[PDB]
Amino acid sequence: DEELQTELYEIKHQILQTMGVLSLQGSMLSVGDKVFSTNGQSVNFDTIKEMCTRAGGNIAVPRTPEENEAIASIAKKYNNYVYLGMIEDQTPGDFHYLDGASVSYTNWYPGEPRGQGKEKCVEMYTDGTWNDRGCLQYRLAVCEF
């Protein structure tokens, strides 16, 4: 319908406005079709997953250098490491996304991972590099939508 087109125009405009306000005020970061945001809290891995899922999203995980840089900027902004959305396989050294798929893009800090299976989780340093670590530390909660 000619009216359907105009209705969609207004809808898209309003979305742009709301997303623009959130972006301008630093409430969220947009990279491609992914949106990253934090509540500023520092809690453990399980708690982060819960906070994100409750908000309708998921604990963040970078799959491209650009996405990695975005999360890194948030970690730097709050000066704290960030737990990423991935866990170690049965075979130490190998990690998978929470959906089970094997991790593709990686940005390990030189020498990592080397937890020998004792560090199932992955944290991001403020410079963007990763380190396998235990899952009970308090880390900045960053979600992706």
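Residue indices: 1-based, along the sequence shown. For the two forms, the rigid core is made up of the largest set of C-alpha atoms that agree within 1.5 Å on superposition.
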{"query": "Stretch farther from the shown model on average in 4 other deposited structures of this protein, with CA RMS computed after core superposition (111 to 119, 55 to 63)", "finding": "111 to 119"}
{"query": "Given 39 to 47 and 88 to 96, the range whose Cα B-factors average higher in the PDB entry", "finding": "88 to 96"}
{"query": "Entry-level comparison of average CA B-factors, 99 to 107 and 64 to 72, reporting the higher stretch", "finding": "99 to 107"}
{"query": "Residue 116, C-alpha B-factor rank within chain (lowest, middle or highest third)", "finding": "highest"}
{"query": "Cα B factor band for residue 135 (lowest, middle or highest third within the chain)", "finding": "highest"}
{"query": "Chain-wide C-alpha B factor ranking for residue 58, given as lowest, middle or highest third", "finding": "middle"}
{"query": "Chain-wide C-alpha B factor ranking for residue 27, given as lowest, middle or highest third", "finding": "lowest"}
